[PDB]
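Source file input-v5.txt; content: compact mmCIF, C-alpha atoms and all ligand atoms.
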```txt
# COMPACT_ATOMS: atom_id res chain seq x y z
CA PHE A 1 0.00 0.00 0.00
CA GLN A 2 2.31 2.77 -1.41
CA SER A 3 2.00 6.62 -1.63
CA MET A 4 3.69 9.59 -3.54
CA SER A 5 4.18 13.38 -3.43
CA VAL A 6 3.78 15.61 -6.51
CA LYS A 7 4.33 19.35 -5.93
CA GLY A 8 3.58 19.08 -2.19
CA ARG A 9 0.30 17.16 -2.53
CA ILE A 10 0.24 13.48 -1.56
CA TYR A 11 -1.40 10.79 -3.67
CA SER A 12 -2.14 7.23 -2.60
CA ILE A 13 -1.61 4.50 -5.19
CA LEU A 14 -4.40 2.04 -5.93
CA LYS A 15 -3.08 0.17 -8.95
CA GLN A 16 -0.75 0.21 -11.95
CA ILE A 17 -2.32 0.49 -15.43
CA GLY A 18 0.74 1.26 -17.55
CA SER A 19 4.06 -0.39 -18.16
CA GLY A 20 6.69 1.45 -20.13
CA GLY A 21 10.34 0.69 -20.73
CA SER A 22 10.95 3.69 -18.54
CA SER A 23 7.37 4.66 -17.65
CA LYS A 24 4.52 3.54 -15.47
CA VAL A 25 0.91 4.70 -15.03
CA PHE A 26 -0.68 4.60 -11.58
CA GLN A 27 -4.30 4.95 -10.58
CA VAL A 28 -4.15 7.27 -7.58
CA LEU A 29 -6.39 9.08 -5.13
CA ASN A 30 -5.85 12.53 -3.68
CA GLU A 31 -6.49 13.70 -0.13
CA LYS A 32 -10.17 14.41 -0.86
CA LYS A 33 -10.49 10.95 -2.45
CA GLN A 34 -10.57 12.13 -6.06
CA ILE A 35 -9.23 9.78 -8.72
CA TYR A 36 -6.30 10.63 -11.01
CA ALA A 37 -3.70 8.93 -13.19
CA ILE A 38 -0.03 9.64 -12.46
CA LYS A 39 2.53 8.95 -15.23
CA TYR A 40 5.94 8.23 -13.75
CA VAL A 41 8.76 8.60 -16.34
CA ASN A 42 12.22 7.40 -15.16
CA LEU A 43 14.97 9.69 -16.50
CA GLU A 44 17.96 7.96 -14.93
CA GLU A 45 19.05 6.66 -18.30
CA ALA A 46 18.08 9.08 -21.06
CA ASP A 47 20.01 11.20 -23.58
CA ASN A 48 19.59 14.89 -24.32
CA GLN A 49 17.54 14.38 -27.46
CA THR A 50 15.12 12.22 -25.50
CA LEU A 51 14.86 14.69 -22.63
CA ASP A 52 14.22 17.68 -24.80
CA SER A 53 11.41 15.70 -26.46
CA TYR A 54 9.69 15.02 -23.12
CA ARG A 55 10.17 18.72 -22.21
CA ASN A 56 8.50 19.66 -25.50
CA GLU A 57 5.69 17.13 -25.21
CA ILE A 58 4.91 18.47 -21.74
CA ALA A 59 5.02 22.11 -22.86
CA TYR A 60 2.55 21.44 -25.66
CA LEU A 61 0.36 19.37 -23.37
CA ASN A 62 0.17 22.36 -21.03
CA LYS A 63 -0.42 24.95 -23.84
CA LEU A 64 -3.25 23.07 -25.66
CA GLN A 65 -5.25 22.43 -22.39
CA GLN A 66 -7.21 25.65 -22.86
CA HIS A 67 -7.87 25.02 -26.54
CA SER A 68 -9.79 21.73 -26.24
CA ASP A 69 -11.52 19.32 -23.85
CA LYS A 70 -10.74 16.44 -26.27
CA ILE A 71 -7.15 16.52 -25.01
CA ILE A 72 -6.22 14.81 -21.76
CA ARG A 73 -5.95 17.06 -18.70
CA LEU A 74 -2.58 17.86 -17.15
CA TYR A 75 -3.30 19.18 -13.67
CA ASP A 76 0.29 19.22 -12.40
CA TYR A 77 3.82 17.85 -12.83
CA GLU A 78 7.19 17.47 -11.08
CA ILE A 79 10.33 17.32 -13.22
CA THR A 80 13.86 16.48 -12.14
CA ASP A 81 16.92 14.98 -13.79
CA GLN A 82 15.88 11.66 -12.24
CA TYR A 83 12.14 11.49 -12.93
CA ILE A 84 8.91 13.02 -14.18
CA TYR A 85 5.57 12.81 -12.36
CA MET A 86 2.44 13.84 -14.22
CA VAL A 87 -0.94 14.19 -12.54
CA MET A 88 -3.48 13.62 -15.30
CA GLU A 89 -7.16 12.74 -15.59
CA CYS A 90 -8.21 9.11 -15.19
CA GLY A 91 -9.96 7.21 -17.99
CA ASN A 92 -12.10 4.08 -18.16
CA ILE A 93 -10.18 2.24 -20.95
CA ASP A 94 -7.90 3.14 -23.91
CA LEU A 95 -9.59 2.85 -27.36
CA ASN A 96 -7.35 -0.14 -28.48
CA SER A 97 -8.31 -2.32 -25.48
CA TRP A 98 -11.98 -1.32 -26.05
CA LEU A 99 -11.92 -2.32 -29.80
CA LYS A 100 -10.32 -5.72 -28.96
CA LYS A 101 -13.19 -6.41 -26.45
CA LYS A 102 -16.26 -4.71 -28.09
CA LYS A 103 -17.32 -6.98 -31.02
CA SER A 104 -20.19 -4.91 -32.59
CA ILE A 105 -19.73 -1.08 -32.44
CA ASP A 106 -22.92 1.11 -32.33
CA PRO A 107 -23.14 3.52 -35.36
CA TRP A 108 -23.95 6.52 -33.07
CA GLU A 109 -20.98 5.65 -30.78
CA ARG A 110 -18.62 5.31 -33.79
CA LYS A 111 -19.70 8.75 -35.16
CA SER A 112 -19.40 10.37 -31.71
CA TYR A 113 -15.85 8.94 -31.21
CA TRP A 114 -14.84 10.05 -34.74
CA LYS A 115 -15.90 13.66 -34.10
CA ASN A 116 -13.79 13.55 -30.95
CA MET A 117 -10.68 12.29 -32.76
CA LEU A 118 -11.12 15.04 -35.37
CA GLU A 119 -11.50 17.89 -32.78
CA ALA A 120 -8.32 16.77 -30.86
CA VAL A 121 -6.11 16.17 -33.95
CA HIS A 122 -7.38 19.36 -35.54
CA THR A 123 -6.34 21.33 -32.46
CA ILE A 124 -2.76 20.05 -32.56
CA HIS A 125 -2.45 20.83 -36.27
CA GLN A 126 -3.49 24.40 -35.58
CA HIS A 127 -0.41 24.60 -33.39
CA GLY A 128 1.73 22.99 -36.09
CA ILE A 129 2.00 19.51 -34.62
CA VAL A 130 1.59 16.32 -36.63
CA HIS A 131 1.31 13.13 -34.59
CA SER A 132 2.60 10.95 -37.43
CA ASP A 133 1.91 7.90 -35.26
CA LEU A 134 -1.84 7.86 -34.64
CA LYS A 135 -3.37 4.66 -33.30
CA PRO A 136 -6.21 3.61 -31.01
CA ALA A 137 -3.83 3.46 -28.04
CA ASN A 138 -3.34 7.23 -28.26
CA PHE A 139 -7.03 7.79 -27.38
CA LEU A 140 -8.55 7.31 -23.89
CA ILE A 141 -12.27 6.93 -23.11
CA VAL A 142 -13.20 9.38 -20.38
CA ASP A 143 -16.82 9.96 -19.36
CA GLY A 144 -17.97 8.28 -22.57
CA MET A 145 -15.75 10.69 -24.46
CA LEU A 146 -12.56 10.24 -26.45
CA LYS A 147 -9.48 12.19 -25.42
CA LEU A 148 -6.00 12.29 -27.09
CA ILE A 149 -3.39 11.30 -24.50
CA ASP A 150 -0.15 12.13 -26.48
CA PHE A 151 1.17 14.21 -29.43
CA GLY A 152 3.89 11.91 -30.80
CA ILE A 153 6.73 14.24 -29.81
CA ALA A 154 8.02 12.01 -27.02
CA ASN A 155 9.02 8.34 -27.44
CA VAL A 156 4.65 -5.07 -30.09
CA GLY A 157 4.04 -1.99 -32.30
CA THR A 158 2.18 -2.10 -35.66
CA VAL A 159 2.56 -0.73 -39.26
CA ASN A 160 -1.29 -1.02 -39.86
CA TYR A 161 -1.87 2.76 -39.49
CA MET A 162 1.23 3.88 -41.50
CA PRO A 163 0.53 6.23 -44.50
CA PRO A 164 2.02 5.41 -47.97
CA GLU A 165 4.01 8.70 -48.06
CA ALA A 166 6.04 7.65 -44.96
CA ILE A 167 7.23 4.44 -46.70
CA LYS A 168 7.86 6.05 -50.10
CA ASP A 169 9.80 8.78 -48.31
CA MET A 170 12.61 6.34 -47.46
CA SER A 171 9.94 16.57 -44.75
CA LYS A 172 7.42 14.54 -46.75
CA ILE A 173 5.11 14.49 -43.73
CA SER A 174 2.07 16.74 -43.49
CA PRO A 175 -1.30 17.05 -41.54
CA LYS A 176 -2.75 14.63 -44.21
CA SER A 177 -0.54 11.82 -42.76
CA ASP A 178 -2.71 11.96 -39.60
CA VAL A 179 -5.88 11.81 -41.82
CA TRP A 180 -4.73 8.37 -43.24
CA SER A 181 -4.15 6.94 -39.69
CA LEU A 182 -7.53 8.34 -38.47
CA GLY A 183 -9.06 6.70 -41.59
CA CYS A 184 -7.42 3.34 -40.61
CA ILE A 185 -8.91 3.64 -37.01
CA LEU A 186 -12.38 4.44 -38.50
CA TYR A 187 -12.09 1.58 -41.07
CA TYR A 188 -11.29 -0.70 -38.08
CA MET A 189 -14.30 0.72 -36.13
CA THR A 190 -16.42 0.04 -39.30
CA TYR A 191 -15.22 -3.32 -40.79
CA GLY A 192 -13.61 -4.83 -37.62
CA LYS A 193 -10.10 -4.91 -39.17
CA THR A 194 -7.44 -2.44 -40.48
CA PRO A 195 -7.29 -1.94 -44.34
CA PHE A 196 -4.17 -4.14 -44.72
CA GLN A 197 -4.65 -6.36 -41.55
CA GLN A 198 -4.91 -9.61 -43.65
CA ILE A 199 -1.26 -9.36 -44.96
CA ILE A 200 1.01 -11.40 -42.58
CA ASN A 201 4.41 -10.79 -44.33
CA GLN A 202 5.38 -7.36 -42.89
CA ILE A 203 7.43 -6.54 -46.04
CA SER A 204 4.39 -7.44 -48.25
CA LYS A 205 2.14 -5.14 -46.08
CA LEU A 206 4.48 -2.15 -46.70
CA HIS A 207 4.35 -2.89 -50.43
CA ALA A 208 0.54 -3.15 -50.42
CA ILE A 209 0.07 0.22 -48.69
CA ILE A 210 2.37 1.88 -51.22
CA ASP A 211 0.95 0.02 -54.22
CA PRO A 212 -1.44 1.99 -56.43
CA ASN A 213 -2.60 -1.23 -58.09
CA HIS A 214 -3.68 -2.79 -54.82
CA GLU A 215 -7.33 -1.87 -54.28
CA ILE A 216 -8.56 -1.31 -50.68
CA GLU A 217 -11.97 -3.03 -50.31
CA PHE A 218 -14.95 -0.90 -49.13
CA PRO A 219 -17.82 -3.43 -48.57
CA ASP A 220 -21.37 -2.03 -49.04
CA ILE A 221 -22.70 -0.70 -45.69
CA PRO A 222 -26.06 1.02 -44.68
CA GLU A 223 -24.23 4.28 -43.76
CA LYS A 224 -23.42 5.66 -47.23
CA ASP A 225 -21.74 8.77 -45.71
CA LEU A 226 -19.34 6.64 -43.66
CA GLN A 227 -18.26 4.77 -46.83
CA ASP A 228 -17.38 8.14 -48.48
CA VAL A 229 -15.39 9.28 -45.42
CA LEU A 230 -13.26 6.05 -45.55
CA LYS A 231 -12.71 6.20 -49.33
CA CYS A 232 -11.63 9.92 -48.95
CA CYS A 233 -9.24 9.37 -45.95
CA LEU A 234 -7.62 6.26 -47.52
CA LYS A 235 -6.63 7.99 -50.86
CA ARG A 236 -2.86 7.22 -51.48
CA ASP A 237 -2.08 10.73 -52.93
CA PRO A 238 -1.87 13.03 -49.82
CA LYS A 239 -2.64 15.98 -52.20
CA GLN A 240 -5.92 14.14 -53.20
CA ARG A 241 -6.60 12.91 -49.58
CA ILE A 242 -9.32 14.92 -47.69
CA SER A 243 -8.33 17.51 -45.05
CA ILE A 244 -9.38 17.71 -41.41
CA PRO A 245 -11.18 21.01 -42.02
CA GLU A 246 -13.13 19.45 -44.91
CA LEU A 247 -13.86 16.35 -42.84
CA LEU A 248 -15.46 18.53 -40.19
CA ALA A 249 -17.96 19.78 -42.79
CA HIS A 250 -18.64 16.30 -44.18
CA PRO A 251 -22.19 15.00 -43.93
CA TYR A 252 -21.06 12.06 -41.80
CA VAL A 253 -20.30 14.28 -38.81
CA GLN A 254 -22.60 17.26 -39.47
CA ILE A 255 -25.78 15.43 -40.54
CA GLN A 256 -28.01 13.71 -38.00
CA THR A 257 -29.64 10.33 -38.61
CA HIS A 258 -27.92 10.21 -41.99
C1 LIG B 1 -2.46 0.54 -22.67
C2 LIG B 1 -2.73 1.79 -21.91
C3 LIG B 1 -2.73 1.76 -20.53
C4 LIG B 1 -2.96 2.92 -19.80
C5 LIG B 1 -3.19 4.10 -20.49
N1 LIG B 1 -3.40 5.30 -19.75
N2 LIG B 1 -2.56 6.36 -19.87
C6 LIG B 1 -3.06 7.31 -19.05
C7 LIG B 1 -2.44 8.66 -18.90
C8 LIG B 1 -3.50 9.72 -18.66
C9 LIG B 1 -1.48 8.64 -17.71
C10 LIG B 1 -1.67 8.98 -20.18
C11 LIG B 1 -4.24 6.86 -18.39
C12 LIG B 1 -4.45 5.56 -18.85
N3 LIG B 1 -5.44 4.62 -18.57
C13 LIG B 1 -6.56 4.95 -17.80
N4 LIG B 1 -7.47 3.93 -17.59
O1 LIG B 1 -6.75 6.05 -17.32
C14 LIG B 1 -3.21 4.14 -21.88
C15 LIG B 1 -2.98 2.98 -22.58
```
Mind turning the file's structure into structure tokens?
Ligand SMILES: Cc1ccc(-n2nc(C(C)(C)C)cc2NC(N)=O)cc1
Amino acid sequence: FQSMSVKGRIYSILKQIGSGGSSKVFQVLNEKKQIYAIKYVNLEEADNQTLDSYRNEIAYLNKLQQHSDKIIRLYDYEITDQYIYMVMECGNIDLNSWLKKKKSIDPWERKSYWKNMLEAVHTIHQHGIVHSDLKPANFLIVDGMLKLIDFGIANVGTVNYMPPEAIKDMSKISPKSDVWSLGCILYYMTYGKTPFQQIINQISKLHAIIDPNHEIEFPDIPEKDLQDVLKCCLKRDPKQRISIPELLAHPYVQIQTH
């Protein structure tokens, strides 16, 4: 039955939710019994490039708090050369663990989660940040709402959500790269699998994503608007791919009852 101090205040640990090579996430309670999540980052063995990234991720996290409620709260933090403590809002489950459990997704729930992903990602772009690594894990369900937990500035994994322009690049990265990944999450939330999930050979997967000839399948669904959103986000030419601002005005989000 452990405890910990963050900027004077004392928090009592209930359980661990996260495991990181150097980081851990703890479900904690404050003096008044309120629930929070504390991220403990161990800095004992990190280089300057890595530190500066964590410093930057934290600065942005703090700056974009005011801009949107679709971004995870950062109530307080304690930084030292040895460690980082971050008091942040608690969530029910991350979106990846929810998609692996929830078999059939409700169409209203899918649309509501999608609007949330768009508002959060759109906010970061306004500030010039491109996640470049969007995945379900990056989103937390809080109060039946989806919140973005990280910006991709600070450091098994999958290539399912990788845009074709990242692979052909081998800075060539733009806001549109996040549109492709968001499209892959939505395609998963729609057809229960990522667009290239079926390809086992990892090398062959990378080739498929970058291959114009390969045709991504869009099976006929009752939500005609949703089908259009997917076909527009998963366009290989980033110049031809739809933008976040345009997506906001799309019938799929704006229209009610389709
Ligand atoms: C796999 C996994 C596990 C835990 C989390 N997570 N991360 C956080 C921070 C707010 C500290 C970023 C909170 C949680 N999980 C949670 N249930 O609140 C996110 C993903």
Long-range neighbours of residue 92 of chain A as a list in words, 8 Å cut-off, only C-alpha atoms, 4 positions minimum in chain: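 Contacts, with the query itself left out: residues 140, 141, 142 and 143 of chain A.
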Long-range neighbours of residue 6 of chain A as a PyMOL selection string, 12 Å cut-off, all atoms listed in the file, 3 positions minimum in chain: chain A and resi 3+9-12+28+30+38-40+75-80+83-88
Take the residues from that selection and put them in a file with C-alpha atoms, as a short mmCIF file (atom, residue, chain, number, x, y, z; two decimals), in the frame of the given file.
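Saved file selection14.cif follows:
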```cif
data_model
loop_
_atom_site.label_atom_id
_atom_site.label_comp_id
_atom_site.auth_asym_id
_atom_site.auth_seq_id
_atom_site.Cartn_x
_atom_site.Cartn_y
_atom_site.Cartn_z
CA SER A 3 2.00 6.62 -1.63
CA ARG A 9 0.30 17.16 -2.53
CA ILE A 10 0.24 13.48 -1.56
CA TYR A 11 -1.40 10.79 -3.67
CA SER A 12 -2.14 7.23 -2.60
CA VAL A 28 -4.15 7.27 -7.58
CA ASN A 30 -5.85 12.53 -3.68
CA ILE A 38 -0.03 9.64 -12.46
CA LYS A 39 2.53 8.95 -15.23
CA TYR A 40 5.94 8.23 -13.75
CA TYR A 75 -3.30 19.18 -13.67
CA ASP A 76 0.29 19.22 -12.40
CA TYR A 77 3.82 17.85 -12.83
CA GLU A 78 7.19 17.47 -11.08
CA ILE A 79 10.33 17.32 -13.22
CA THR A 80 13.86 16.48 -12.14
CA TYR A 83 12.14 11.49 -12.93
CA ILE A 84 8.91 13.02 -14.18
CA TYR A 85 5.57 12.81 -12.36
CA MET A 86 2.44 13.84 -14.22
CA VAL A 87 -0.94 14.19 -12.54
CA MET A 88 -3.48 13.62 -15.30
#
```
Close residues, residue 108 of chain A itself excluded, 10 Å, only C-alpha atoms, min 6 positions apart in chain, as a VMD selection string: chain A and resid 114 256 to 257
Protein/DNA/RNA residues near (-2.0, 8.2, -42.5), cut 9 Å, only C-alpha atoms, as an MDAnalysis selection string: chainID A and resid 132:134 161:166 175:184 233:234 238
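Across the model, the gap from atom CA of residue 106 of chain A to atom CA of residue 89 of chain A is 25.8 Å.
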Who sits within 10 Å of segment 94-103 of chain A, all atoms listed in the file, same chain under 5 positions skipped, as number ranges by chain: A: 113, 135-142, 146-149, 185, 188-189, 192-193
Shell of 12 Å around residue 107 of chain A, only C-alpha atoms, local chain residues under 4 positions omitted, as a PyMOL selection string: chain A and resi 111-114+186+189-191+221-223+225-226+252-253+256-258
Selection export as a PDB file, in the frame of the given file, atoms kept: C-alpha atoms:
```pdb
ATOM      1  CA  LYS A 111     -19.700   8.750 -35.160  1.00  0.00           C
ATOM      2  CA  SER A 112     -19.400  10.370 -31.710  1.00  0.00           C
ATOM      3  CA  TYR A 113     -15.850   8.940 -31.210  1.00  0.00           C
ATOM      4  CA  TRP A 114     -14.840  10.050 -34.740  1.00  0.00           C
ATOM      5  CA  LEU A 186     -12.380   4.440 -38.500  1.00  0.00           C
ATOM      6  CA  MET A 189     -14.300   0.720 -36.130  1.00  0.00           C
ATOM      7  CA  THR A 190     -16.420   0.040 -39.300  1.00  0.00           C
ATOM      8  CA  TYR A 191     -15.220  -3.320 -40.790  1.00  0.00           C
ATOM      9  CA  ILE A 221     -22.700  -0.700 -45.690  1.00  0.00           C
ATOM     10  CA  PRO A 222     -26.060   1.020 -44.680  1.00  0.00           C
ATOM     11  CA  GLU A 223     -24.230   4.280 -43.760  1.00  0.00           C
ATOM     12  CA  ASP A 225     -21.740   8.770 -45.710  1.00  0.00           C
ATOM     13  CA  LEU A 226     -19.340   6.640 -43.660  1.00  0.00           C
ATOM     14  CA  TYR A 252     -21.060  12.060 -41.800  1.00  0.00           C
ATOM     15  CA  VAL A 253     -20.300  14.280 -38.810  1.00  0.00           C
ATOM     16  CA  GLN A 256     -28.010  13.710 -38.000  1.00  0.00           C
ATOM     17  CA  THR A 257     -29.640  10.330 -38.610  1.00  0.00           C
ATOM     18  CA  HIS A 258     -27.920  10.210 -41.990  1.00  0.00           C
TER      19      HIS A 258
END
```
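Nearest residue to ligand LIG 1 (chain B) among A:227, A:240, A:68, A:19 is A:19, counting all atoms listed in the file.
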Computed interatomic separation between atom CA of residue 52 of chain A and atom CA of residue 23 of chain A (Å): 16.4 Å
Atom CA of residue 122 of chain A to atom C3 of ligand LIG 1 (chain B), straight-line distance in Å: 23.6 Å
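Among the candidates A:235, A:55, A:172, A:73, the one nearest to ligand LIG 1 (chain B) when counting all atoms listed in the file is A:73.
Closest approach to residue 213 of chain A among A:159, A:236, A:228, A:144 is made by A:236 (distances from all atoms listed in the file).
Checking A:232, A:25, A:120, A:4 one by one against ligand LIG 1 (chain B), counting only C-alpha atoms and all ligand atoms, you find the shortest gap at A:25.
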